[PDB]
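A.B. asks: Have a look at this one before I ask anything.
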Amino acid sequence: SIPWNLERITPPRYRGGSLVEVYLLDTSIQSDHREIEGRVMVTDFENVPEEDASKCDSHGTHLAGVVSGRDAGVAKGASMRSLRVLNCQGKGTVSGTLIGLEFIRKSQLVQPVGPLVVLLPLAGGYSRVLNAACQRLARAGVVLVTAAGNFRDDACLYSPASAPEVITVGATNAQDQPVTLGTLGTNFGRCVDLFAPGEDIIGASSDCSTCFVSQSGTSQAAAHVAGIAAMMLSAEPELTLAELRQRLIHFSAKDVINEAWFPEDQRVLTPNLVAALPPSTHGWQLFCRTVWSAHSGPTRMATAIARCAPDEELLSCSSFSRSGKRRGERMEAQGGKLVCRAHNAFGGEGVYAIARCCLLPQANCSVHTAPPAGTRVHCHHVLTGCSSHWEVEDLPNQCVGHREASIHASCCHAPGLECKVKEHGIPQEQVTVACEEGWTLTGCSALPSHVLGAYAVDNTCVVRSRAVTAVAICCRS
Amino acid sequence: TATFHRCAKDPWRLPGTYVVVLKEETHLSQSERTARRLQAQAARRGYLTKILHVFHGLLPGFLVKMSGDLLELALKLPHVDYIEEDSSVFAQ
Amino acid sequence: XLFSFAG
Ligand SMILES: [Ca+2]
């Protein structure tokens, strides 16, 4: 009887959302449906384009039901407030959405409450202004959850999906595979933060006050995460956006998606995570996440930059190009904060910078660099990361690089933190080495035969080549 | 330095309405003055305009219904950061 | 691609 999706997000050990308010920007809703009655407030903010009643509130009623519905909702408690920015045909405007986001912020300023989650179950093309408005609202301290989009395409080409600081959610089905329906399906790529159930999701039907219907979409998926986030914020009202994101990632089911469903170049960029509620089991823990930059593009002096959130520390920095035409990467300071920068080679199509960004309070971190010598540098403190860059066209708390390369060590003073290094090598397109259960991968690199790059996937260090050796630095309290 | 942007998916564009985004610290009073100035400069050129909304609280700026002919003029207004043509969003 | 993938 438990809907498959609600079972899917239930942790392996288990026992909400009322201190939290969830805003919904959508079609009109049937607020008298028994799933949501008395739990959703209709603001009557409305900004929708002209067309070109049961059907009118179908989309919105279902999602309000996914988030907070008493029988089939994720966060059965939760309070919701609804804004109408989609018309009866489900169409809205960027300007209308902006006006809506502004309305939420004015409400907050006029009558402050607790943590806010804003669900944006909608998409248009890439919009500079819409992305900026989302970012600005995130920086004001509001959590935004958005749909990845339903076009079986790169989510970075859509808004608010591509919008920095917003949690972007793709949809997976009952077999934990990405939803695909012909030429349509879940979006994917590096702008997607995680996936959640978004096929065959039962919820409130606006046909009648007690009816139910199954719907599919990245909106349904985003609604699961809004519910999950609302529960997480009730339990821990002080979470920063970076902390909430690290928890959503940490508690997801990992490596459950068959990545063959995604286009080849998007596999590496797309996180293999299906959202789930935190367990009853939760003492301090080291949380890290992998942040891929935008591709640098092909200019000769091109650089890709991957950054961490203000409250995170950059513990390592790696890079990757599909061609292998790469000048490596370096950790460089910037506004008093370290970023991961990767360098394209002359004739390269471009490269990615790949940061490992971690929540490490009490950390004092620095970088130690040595110019081309092989080349070596050490933390003379724990080593959390090695990087290397070169300027040539071709070839023990210690990092070792190629003789023609500069080498950079990320060194932190973090008492109460233990780190070890685990190595693995073979004759090979991909070599792999994982931290032990309960350890957090902080750094991933290849021993210095021609590598495309290296990256952490959860707690597994992956090295890609064309005698290769993967090296993982793993830490815990 | 002010730039123009419109949706790359041509069918999703909504020409004739523009979001005028002003520089970050621009004050509401200035946003309003800038909108009126646009309306005046347009009117002297024979163009009707309508200010649909003035933005403040996240981004400063305004929403304006006008011919795209006026975009060169509008990009030269004081405080302008960029202008974006309105476009469609959809239930997912 | 609105309403369960235009389904
Ligand atoms: Ca994102």
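A note on labels: chains of the structure tokens are A, B, ... as shown, every chain counts residues from 1, and ligands are counted from 1 in their shown order.
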With a cut-off of 8 Å and counting only C-alpha atoms, select all residues of chain C in contact with chain B and give the selection as a ChimeraX atom specification.

C.D. replies: /C:1-4

A.B. asks: Can those selected residues be exported to a file as a PDB file, in the first residue's frame so that it contains N, CA and C atoms?

C.D. replies:
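Wrote out_19.pdb, looks like this:
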ATOM      1  N   UNK C   1       7.162  19.636 -23.074  1.00  0.00           N
ATOM      2  CA  UNK C   1       7.126  18.417 -22.225  1.00  0.00           C
ATOM      3  C   UNK C   1       6.487  18.631 -20.851  1.00  0.00           C
ATOM      4  N   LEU C   2       5.240  19.110 -20.855  1.00  0.00           N
ATOM      5  CA  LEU C   2       4.427  19.395 -19.680  1.00  0.00           C
ATOM      6  C   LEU C   2       3.390  18.268 -19.470  1.00  0.00           C
ATOM      7  N   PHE C   3       2.821  18.047 -18.251  1.00  0.00           N
ATOM      8  CA  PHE C   3       1.819  16.994 -17.949  1.00  0.00           C
ATOM      9  C   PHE C   3       2.313  15.567 -18.251  1.00  0.00           C
ATOM     10  N   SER C   4       3.140  15.004 -17.365  1.00  0.00           N
ATOM     11  CA  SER C   4       3.724  13.670 -17.453  1.00  0.00           C
ATOM     12  C   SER C   4       4.404  13.430 -18.826  1.00  0.00           C
TER      13      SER C   4
END

A.B. asks: Kindly compile the residues surrounding ligand 1 within 9 Å, counting only C-alpha atoms and all ligand atoms, and format them as number ranges by chain.

C.D. replies: A: 146, 148, 155-156, 160-169, 190-193

A.B. asks: Using only C-alpha atoms, what does the table of segment 246-365 of chain A residues within 12 Å of segment 415-424 of chain A look like, with each row giving the shortest atom pair and its distance in Å to one decimal, sorted by chain and ascending number, as JSON lines?

C.D. replies:
{"residue": "A:284", "atom": "CA", "partner": "A:416", "partner_atom": "CA", "distance": 10.3}
{"residue": "A:285", "atom": "CA", "partner": "A:417", "partner_atom": "CA", "distance": 9.7}
{"residue": "A:286", "atom": "CA", "partner": "A:417", "partner_atom": "CA", "distance": 8.7}
{"residue": "A:360", "atom": "CA", "partner": "A:417", "partner_atom": "CA", "distance": 9.6}
{"residue": "A:361", "atom": "CA", "partner": "A:415", "partner_atom": "CA", "distance": 10.7}
{"residue": "A:362", "atom": "CA", "partner": "A:415", "partner_atom": "CA", "distance": 8.4}
{"residue": "A:363", "atom": "CA", "partner": "A:415", "partner_atom": "CA", "distance": 8.4}
{"residue": "A:364", "atom": "CA", "partner": "A:415", "partner_atom": "CA", "distance": 9.9}
{"residue": "A:365", "atom": "CA", "partner": "A:415", "partner_atom": "CA", "distance": 11.9}

A.B. asks: Write a file of the just-selected residues containing C-alpha atoms, as an mmCIF file, in the first residue's frame.

C.D. replies:
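File result_12.cif, as written:
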data_model
loop_
_atom_site.group_PDB
_atom_site.id
_atom_site.type_symbol
_atom_site.label_atom_id
_atom_site.label_comp_id
_atom_site.auth_asym_id
_atom_site.auth_seq_id
_atom_site.Cartn_x
_atom_site.Cartn_y
_atom_site.Cartn_z
ATOM 1 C CA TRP A 284 30.518 15.375 13.933
ATOM 2 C CA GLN A 285 31.347 14.009 10.458
ATOM 3 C CA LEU A 286 33.404 15.115 7.462
ATOM 4 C CA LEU A 360 35.425 21.564 7.856
ATOM 5 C CA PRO A 361 34.938 24.040 10.703
ATOM 6 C CA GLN A 362 38.096 24.843 12.686
ATOM 7 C CA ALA A 363 40.104 24.332 9.543
ATOM 8 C CA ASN A 364 43.194 26.340 8.806
ATOM 9 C CA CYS A 365 44.157 25.418 5.193
#

A.B. asks: Might you pull out every residue within 7 Å of segment 6-16 of chain B, with only C-alpha atoms counted and same-chain residues fewer than 5 positions away left off, and present them as a PyMOL selection string?

C.D. replies: (chain A and resi 125-127) or (chain B and resi 65-68+84-88)

A.B. asks: Excluding same-chain residues fewer than 6 positions from residue 12 of chain A, what lies within 12 Å of it counting only C-alpha atoms, as a list in words?

C.D. replies: residues 251, 252, 253, 276, 277, 278, 279, 280 and 281 of chain A

A.B. asks: Give the strand (DSSP E or B) residues of segment 313-384 of chain A, as assigned by DSSP on the backbone, as a PyMOL selection string.

C.D. replies: chain A and resi 313-320+326-334+337-344+352-359+364-370+375-378+382-384

A.B. asks: Suppose we keep N, CA and C atoms; can you now write the selection as a short mmCIF file (atom, residue, chain, number, x, y, z; two decimals), in the first residue's frame?

C.D. replies:
data_model
loop_
_atom_site.label_atom_id
_atom_site.label_comp_id
_atom_site.auth_asym_id
_atom_site.auth_seq_id
_atom_site.Cartn_x
_atom_site.Cartn_y
_atom_site.Cartn_z
N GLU A 313 35.48 24.48 2.64
CA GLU A 313 36.89 24.55 2.30
C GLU A 313 37.15 23.70 1.07
N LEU A 314 37.96 24.22 0.16
CA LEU A 314 38.46 23.45 -0.95
C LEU A 314 39.57 22.54 -0.49
N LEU A 315 39.30 21.25 -0.36
CA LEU A 315 40.34 20.32 0.07
C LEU A 315 41.15 19.68 -1.06
N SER A 316 40.66 19.67 -2.29
CA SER A 316 41.52 19.22 -3.39
C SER A 316 41.00 19.76 -4.69
N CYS A 317 41.78 19.54 -5.74
CA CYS A 317 41.48 20.14 -7.03
C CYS A 317 42.07 19.24 -8.07
N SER A 318 41.23 18.78 -9.00
CA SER A 318 41.70 17.96 -10.11
C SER A 318 41.11 18.53 -11.39
N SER A 319 41.36 17.88 -12.53
CA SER A 319 40.84 18.37 -13.81
C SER A 319 40.67 17.19 -14.77
N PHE A 320 40.00 17.43 -15.89
CA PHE A 320 39.65 16.37 -16.83
C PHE A 320 39.37 17.03 -18.19
N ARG A 326 45.63 19.01 -21.97
CA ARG A 326 45.39 19.48 -20.62
C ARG A 326 46.69 20.04 -20.09
N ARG A 327 46.63 21.17 -19.39
CA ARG A 327 47.80 21.62 -18.64
C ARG A 327 47.65 21.52 -17.11
N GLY A 328 46.77 20.62 -16.67
CA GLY A 328 46.54 20.33 -15.27
C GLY A 328 45.78 21.39 -14.50
N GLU A 329 46.04 21.50 -13.21
CA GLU A 329 45.22 22.40 -12.41
C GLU A 329 46.00 22.92 -11.23
N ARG A 330 45.51 24.00 -10.62
CA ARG A 330 46.19 24.53 -9.46
C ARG A 330 45.17 25.12 -8.50
N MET A 331 45.52 25.13 -7.22
CA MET A 331 44.70 25.80 -6.24
C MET A 331 45.28 27.19 -6.08
N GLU A 332 44.46 28.19 -6.33
CA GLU A 332 44.89 29.58 -6.28
C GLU A 332 43.91 30.38 -5.39
N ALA A 333 44.42 31.36 -4.63
CA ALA A 333 43.54 32.19 -3.80
C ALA A 333 42.84 33.28 -4.60
N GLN A 334 41.69 33.71 -4.10
CA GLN A 334 40.75 34.55 -4.85
C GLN A 334 39.68 35.11 -3.92
N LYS A 337 39.86 33.39 -0.71
CA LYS A 337 39.28 32.06 -0.62
C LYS A 337 39.83 31.26 -1.79
N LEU A 338 40.17 30.01 -1.54
CA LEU A 338 40.83 29.16 -2.54
C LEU A 338 39.82 28.59 -3.54
N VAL A 339 40.17 28.63 -4.82
CA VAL A 339 39.35 28.07 -5.90
C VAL A 339 40.18 27.05 -6.67
N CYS A 340 39.51 26.18 -7.42
CA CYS A 340 40.20 25.18 -8.22
C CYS A 340 40.22 25.66 -9.66
N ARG A 341 41.41 25.87 -10.21
CA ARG A 341 41.52 26.35 -11.58
C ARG A 341 42.24 25.37 -12.49
N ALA A 342 41.65 25.09 -13.66
CA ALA A 342 42.23 24.13 -14.60
C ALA A 342 42.62 24.82 -15.90
N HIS A 343 43.64 24.30 -16.57
CA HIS A 343 44.19 25.02 -17.70
C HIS A 343 44.07 24.22 -18.95
N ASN A 344 43.57 24.88 -19.98
CA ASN A 344 43.45 24.20 -21.25
C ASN A 344 44.85 24.20 -21.88
N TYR A 352 37.81 20.70 -17.72
CA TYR A 352 37.02 20.98 -16.53
C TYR A 352 37.89 21.07 -15.30
N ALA A 353 37.56 22.00 -14.43
CA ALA A 353 38.12 22.05 -13.10
C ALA A 353 37.12 21.34 -12.19
N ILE A 354 37.65 20.56 -11.26
CA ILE A 354 36.86 19.66 -10.45
C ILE A 354 37.31 19.84 -9.01
N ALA A 355 36.54 20.59 -8.25
CA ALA A 355 36.82 20.85 -6.85
C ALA A 355 36.25 19.79 -5.92
N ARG A 356 36.96 19.53 -4.83
CA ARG A 356 36.41 18.80 -3.72
C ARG A 356 36.16 19.76 -2.57
N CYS A 357 34.90 20.04 -2.28
CA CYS A 357 34.54 21.10 -1.35
C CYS A 357 33.92 20.46 -0.12
N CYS A 358 34.40 20.81 1.07
CA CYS A 358 34.08 20.05 2.28
C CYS A 358 33.68 20.97 3.40
N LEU A 359 32.88 20.46 4.32
CA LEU A 359 32.48 21.23 5.50
C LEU A 359 33.43 20.87 6.62
N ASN A 364 42.24 25.37 9.31
CA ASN A 364 43.19 26.34 8.81
C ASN A 364 43.93 25.68 7.63
N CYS A 365 43.57 26.05 6.39
CA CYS A 365 44.16 25.42 5.19
C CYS A 365 45.00 26.37 4.36
N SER A 366 46.06 25.82 3.79
CA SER A 366 46.98 26.58 2.96
C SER A 366 47.40 25.72 1.76
N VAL A 367 48.13 26.32 0.83
CA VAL A 367 48.68 25.59 -0.31
C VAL A 367 50.21 25.67 -0.31
N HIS A 368 50.88 24.57 -0.61
CA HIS A 368 52.33 24.57 -0.71
C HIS A 368 52.70 24.22 -2.17
N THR A 369 53.47 25.09 -2.82
CA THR A 369 53.77 24.89 -4.23
C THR A 369 55.28 24.74 -4.46
N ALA A 370 55.62 23.87 -5.40
CA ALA A 370 56.97 23.76 -5.92
C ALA A 370 56.93 23.80 -7.42
N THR A 375 59.22 16.15 -9.32
CA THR A 375 58.89 17.32 -8.45
C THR A 375 58.04 16.97 -7.21
N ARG A 376 58.40 17.54 -6.07
CA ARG A 376 57.85 17.13 -4.77
C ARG A 376 57.59 18.32 -3.87
N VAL A 377 56.58 18.24 -3.01
CA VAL A 377 56.31 19.29 -2.02
C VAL A 377 55.55 18.60 -0.88
N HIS A 378 55.75 19.04 0.36
CA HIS A 378 55.04 18.38 1.46
C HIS A 378 54.52 19.36 2.52
N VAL A 382 47.79 17.98 8.11
CA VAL A 382 47.46 16.86 7.22
C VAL A 382 47.39 17.24 5.74
N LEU A 383 47.89 16.36 4.88
CA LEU A 383 47.73 16.54 3.45
C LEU A 383 46.33 16.09 3.00
N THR A 384 45.60 16.96 2.33
CA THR A 384 44.25 16.62 1.91
C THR A 384 44.12 16.52 0.38
#

A.B. asks: Excluding residue 187 of chain A and any residue of its chain fewer than 6 positions from it, enumerate the residues within 8 Å of it, using only C-alpha atoms, and give them as a ChimeraX atom specification.

C.D. replies: /A:148-155,170

A.B. asks: So how many Å separate atom CA of residue 212 of chain A and atom CA of residue 198 of chain A, to one decimal?

C.D. replies: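 Distance reported for this atom pair: 15.8 Å.
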
A.B. asks: Work out how far atom CA of residue 71 of chain B is from atom CA of residue 89 of chain B, in Å to one decimal.

C.D. replies: 23.1 Å

A.B. asks: Considering only C-alpha atoms, extract the chain A residues located within 6 Å of chain C and return them as a PyMOL selection string.

C.D. replies: chain A and resi 150+215-217

A.B. asks: Considering only C-alpha atoms, extract the chain A residues located within 6 Å of chain B and return them as a CSV table (one decimal) with C-alpha atoms, in the first residue's frame.

C.D. replies:
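Generated file (part03.csv):
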chain,number,residue,atom,x,y,z
A,90,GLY,CA,0.5,25.5,-17.7
A,91,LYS,CA,2.3,28.5,-19.3
A,92,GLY,CA,4.0,31.3,-17.5
A,93,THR,CA,6.6,34.0,-18.2
A,94,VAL,CA,10.1,34.8,-16.9
A,121,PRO,CA,8.5,23.1,-10.8
A,122,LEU,CA,9.0,24.8,-14.1
A,123,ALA,CA,11.5,25.6,-16.8
A,124,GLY,CA,12.2,27.8,-19.8
A,217,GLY,CA,8.0,14.8,-14.4
A,218,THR,CA,11.0,16.5,-13.0
A,219,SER,CA,8.5,18.7,-11.0

A.B. asks: Figure out the distance between atom CA of residue 467 of chain A and atom CA of residue 396 of chain A, please, to one decimal in Å.

C.D. replies: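 Atom CA of residue 467 of chain A lies at a distance of 21.6 Å from atom CA of residue 396 of chain A.
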
A.B. asks: Which polymer residues have any atom within 9 Å of an atom of residue 76 of chain B, counting only C-alpha atoms, with same-chain residues fewer than 4 positions away left out, as a list in words?

C.D. replies: residues 1, 2, 71, 72 and 80 of chain B

A.B. asks: Hey, can you spit out that residue selection with N, CA, C and O atoms as a PDB file, in the first residue's frame?

C.D. replies:
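Listed below is the output, result-v7.pdb:
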ATOM      1  N   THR B   1      28.583  49.494 -21.524  1.00  0.00           N
ATOM      2  CA  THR B   1      28.798  48.142 -21.008  1.00  0.00           C
ATOM      3  C   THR B   1      27.465  47.347 -20.821  1.00  0.00           C
ATOM      4  O   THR B   1      27.476  46.195 -20.409  1.00  0.00           O
ATOM      5  N   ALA B   2      26.325  47.958 -21.123  1.00  0.00           N
ATOM      6  CA  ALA B   2      25.034  47.319 -20.878  1.00  0.00           C
ATOM      7  C   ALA B   2      24.742  46.356 -22.025  1.00  0.00           C
ATOM      8  O   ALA B   2      25.004  46.680 -23.177  1.00  0.00           O
ATOM      9  N   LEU B  71      15.614  49.581 -27.894  1.00  0.00           N
ATOM     10  CA  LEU B  71      16.614  48.894 -27.076  1.00  0.00           C
ATOM     11  C   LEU B  71      17.958  49.605 -27.042  1.00  0.00           C
ATOM     12  O   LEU B  71      18.615  49.644 -25.999  1.00  0.00           O
ATOM     13  N   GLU B  72      18.393  50.132 -28.175  1.00  0.00           N
ATOM     14  CA  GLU B  72      19.620  50.928 -28.203  1.00  0.00           C
ATOM     15  C   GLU B  72      19.524  52.136 -27.267  1.00  0.00           C
ATOM     16  O   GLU B  72      20.464  52.436 -26.524  1.00  0.00           O
ATOM     17  N   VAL B  80      21.821  51.175 -16.112  1.00  0.00           N
ATOM     18  CA  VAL B  80      21.450  49.910 -16.753  1.00  0.00           C
ATOM     19  C   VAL B  80      22.613  48.888 -16.699  1.00  0.00           C
ATOM     20  O   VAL B  80      23.759  49.181 -17.062  1.00  0.00           O
TER      21      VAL B  80
END

A.B. asks: Residue 66 of chain A: which residues within 9 Å, counting only C-alpha atoms, same-chain residues fewer than 4 positions away excluded, as a PyMOL selection string?

C.D. replies: chain A and resi 61-62+72-76+201-204+220+223-224+227

A.B. asks: Using N, CA and C atoms, can you export the residues from the last selection as a PDB file, in the first residue's frame?

C.D. replies:
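What follows is the written file selection-v4.pdb:
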ATOM      1  N   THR A  61      -2.171  21.148  -7.804  1.00  0.00           N
ATOM      2  CA  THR A  61      -2.774  20.356  -6.741  1.00  0.00           C
ATOM      3  C   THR A  61      -1.939  19.089  -6.497  1.00  0.00           C
ATOM      4  N   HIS A  62      -1.516  18.429  -7.572  1.00  0.00           N
ATOM      5  CA  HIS A  62      -0.722  17.216  -7.436  1.00  0.00           C
ATOM      6  C   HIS A  62       0.600  17.498  -6.695  1.00  0.00           C
ATOM      7  N   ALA A  72      -0.303  10.786   0.895  1.00  0.00           N
ATOM      8  CA  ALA A  72       0.707  10.421  -0.081  1.00  0.00           C
ATOM      9  C   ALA A  72       1.859  11.430  -0.212  1.00  0.00           C
ATOM     10  N   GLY A  73       1.970  12.332   0.764  1.00  0.00           N
ATOM     11  CA  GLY A  73       2.984  13.364   0.733  1.00  0.00           C
ATOM     12  C   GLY A  73       4.287  12.936   1.354  1.00  0.00           C
ATOM     13  N   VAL A  74       5.336  13.694   1.057  1.00  0.00           N
ATOM     14  CA  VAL A  74       6.656  13.422   1.591  1.00  0.00           C
ATOM     15  C   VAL A  74       6.784  14.018   2.976  1.00  0.00           C
ATOM     16  N   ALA A  75       6.372  15.270   3.120  1.00  0.00           N
ATOM     17  CA  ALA A  75       6.469  15.995   4.389  1.00  0.00           C
ATOM     18  C   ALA A  75       5.038  16.248   4.880  1.00  0.00           C
ATOM     19  N   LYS A  76       4.379  15.189   5.345  1.00  0.00           N
ATOM     20  CA  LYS A  76       2.925  15.176   5.600  1.00  0.00           C
ATOM     21  C   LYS A  76       2.445  16.375   6.457  1.00  0.00           C
ATOM     22  N   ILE A 201       3.943   8.939 -10.004  1.00  0.00           N
ATOM     23  CA  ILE A 201       3.908   9.419  -8.627  1.00  0.00           C
ATOM     24  C   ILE A 201       2.465   9.720  -8.272  1.00  0.00           C
ATOM     25  N   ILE A 202       1.930   8.970  -7.317  1.00  0.00           N
ATOM     26  CA  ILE A 202       0.527   9.159  -6.983  1.00  0.00           C
ATOM     27  C   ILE A 202       0.390  10.401  -6.068  1.00  0.00           C
ATOM     28  N   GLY A 203      -0.632  11.219  -6.330  1.00  0.00           N
ATOM     29  CA  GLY A 203      -0.939  12.389  -5.514  1.00  0.00           C
ATOM     30  C   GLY A 203      -2.331  12.972  -5.773  1.00  0.00           C
ATOM     31  N   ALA A 204      -2.690  14.005  -5.017  1.00  0.00           N
ATOM     32  CA  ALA A 204      -3.996  14.671  -5.128  1.00  0.00           C
ATOM     33  C   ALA A 204      -4.410  14.963  -6.563  1.00  0.00           C
ATOM     34  N   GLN A 220       7.646  16.585 -10.180  1.00  0.00           N
ATOM     35  CA  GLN A 220       7.303  15.628  -9.147  1.00  0.00           C
ATOM     36  C   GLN A 220       8.558  15.268  -8.374  1.00  0.00           C
ATOM     37  N   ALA A 223       9.585  18.085  -6.134  1.00  0.00           N
ATOM     38  CA  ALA A 223       8.660  18.102  -5.002  1.00  0.00           C
ATOM     39  C   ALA A 223       9.099  17.129  -3.904  1.00  0.00           C
ATOM     40  N   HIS A 224       9.638  15.978  -4.275  1.00  0.00           N
ATOM     41  CA  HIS A 224      10.166  15.049  -3.274  1.00  0.00           C
ATOM     42  C   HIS A 224      11.308  15.696  -2.477  1.00  0.00           C
ATOM     43  N   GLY A 227      10.074  18.444  -0.092  1.00  0.00           N
ATOM     44  CA  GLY A 227       9.642  17.736   1.089  1.00  0.00           C
ATOM     45  C   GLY A 227      10.786  17.214   1.932  1.00  0.00           C
TER      46      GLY A 227
END

A.B. asks: Please return, as an MDAnalysis selection string, all residues of segment 75-287 of chain A that DSSP assigns to helix (DSSP H, G or I) on the basis of the backbone.

C.D. replies: chainID A and resid 94:110 128:139 155:157 218:235 241:250 259:261 264:266

A.B. asks: I need the chosen residues saved as a short mmCIF file (atom, residue, chain, number, x, y, z; two decimals), in the first residue's frame, with C-alpha atoms.

C.D. replies:
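Everything below was put into result22.cif:
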data_model
loop_
_atom_site.label_atom_id
_atom_site.label_comp_id
_atom_site.auth_asym_id
_atom_site.auth_seq_id
_atom_site.Cartn_x
_atom_site.Cartn_y
_atom_site.Cartn_z
CA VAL A 94 10.06 34.81 -16.87
CA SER A 95 8.87 38.25 -15.84
CA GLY A 96 5.92 36.75 -13.96
CA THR A 97 8.18 34.30 -12.19
CA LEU A 98 10.50 37.14 -11.16
CA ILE A 99 7.55 39.07 -9.81
CA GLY A 100 6.55 36.00 -7.83
CA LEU A 101 10.04 35.47 -6.34
CA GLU A 102 10.07 39.16 -5.41
CA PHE A 103 6.66 38.72 -3.72
CA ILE A 104 7.99 35.92 -1.54
CA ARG A 105 10.93 38.05 -0.47
CA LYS A 106 8.63 41.04 0.38
CA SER A 107 6.47 38.72 2.41
CA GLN A 108 9.44 37.48 4.31
CA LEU A 109 10.67 41.00 5.05
CA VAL A 110 7.23 42.09 6.18
CA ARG A 128 20.34 35.49 -17.20
CA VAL A 129 17.77 37.49 -15.21
CA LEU A 130 15.87 34.52 -13.82
CA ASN A 131 19.11 32.82 -12.70
CA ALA A 132 20.25 36.05 -11.06
CA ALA A 133 17.00 36.50 -9.17
CA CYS A 134 17.22 32.92 -7.87
CA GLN A 135 20.81 33.43 -6.76
CA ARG A 136 19.98 36.66 -5.04
CA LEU A 137 17.07 34.98 -3.25
CA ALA A 138 19.37 32.09 -2.23
CA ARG A 139 21.94 34.52 -0.85
CA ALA A 155 19.95 21.09 -17.56
CA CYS A 156 22.52 23.93 -17.87
CA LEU A 157 20.64 25.10 -20.98
CA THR A 218 11.02 16.49 -13.01
CA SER A 219 8.54 18.67 -11.03
CA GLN A 220 7.30 15.63 -9.15
CA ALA A 221 10.97 14.79 -8.54
CA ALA A 222 11.69 18.34 -7.31
CA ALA A 223 8.66 18.10 -5.00
CA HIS A 224 10.17 15.05 -3.27
CA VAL A 225 13.35 17.01 -2.58
CA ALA A 226 11.37 20.07 -1.35
CA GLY A 227 9.64 17.74 1.09
CA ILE A 228 12.89 16.09 2.05
CA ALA A 229 14.53 19.53 2.50
CA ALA A 230 11.55 20.75 4.58
CA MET A 231 12.03 17.77 6.95
CA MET A 232 15.78 18.35 7.12
CA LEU A 233 15.27 22.02 7.98
CA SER A 234 12.78 21.18 10.77
CA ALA A 235 15.29 18.87 12.32
CA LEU A 241 22.45 26.07 1.97
CA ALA A 242 25.84 24.40 1.66
CA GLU A 243 25.14 22.18 4.67
CA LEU A 244 21.68 21.24 3.45
CA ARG A 245 23.13 20.35 0.06
CA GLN A 246 25.91 18.27 1.61
CA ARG A 247 23.30 16.36 3.68
CA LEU A 248 21.00 15.78 0.67
CA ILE A 249 24.01 14.32 -1.23
CA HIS A 250 25.34 12.35 1.72
CA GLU A 259 24.67 5.85 -16.44
CA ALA A 260 24.39 4.31 -19.93
CA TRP A 261 21.01 6.08 -20.20
CA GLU A 264 28.44 9.72 -23.25
CA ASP A 265 29.90 13.10 -22.35
CA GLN A 266 27.28 13.67 -19.66
#
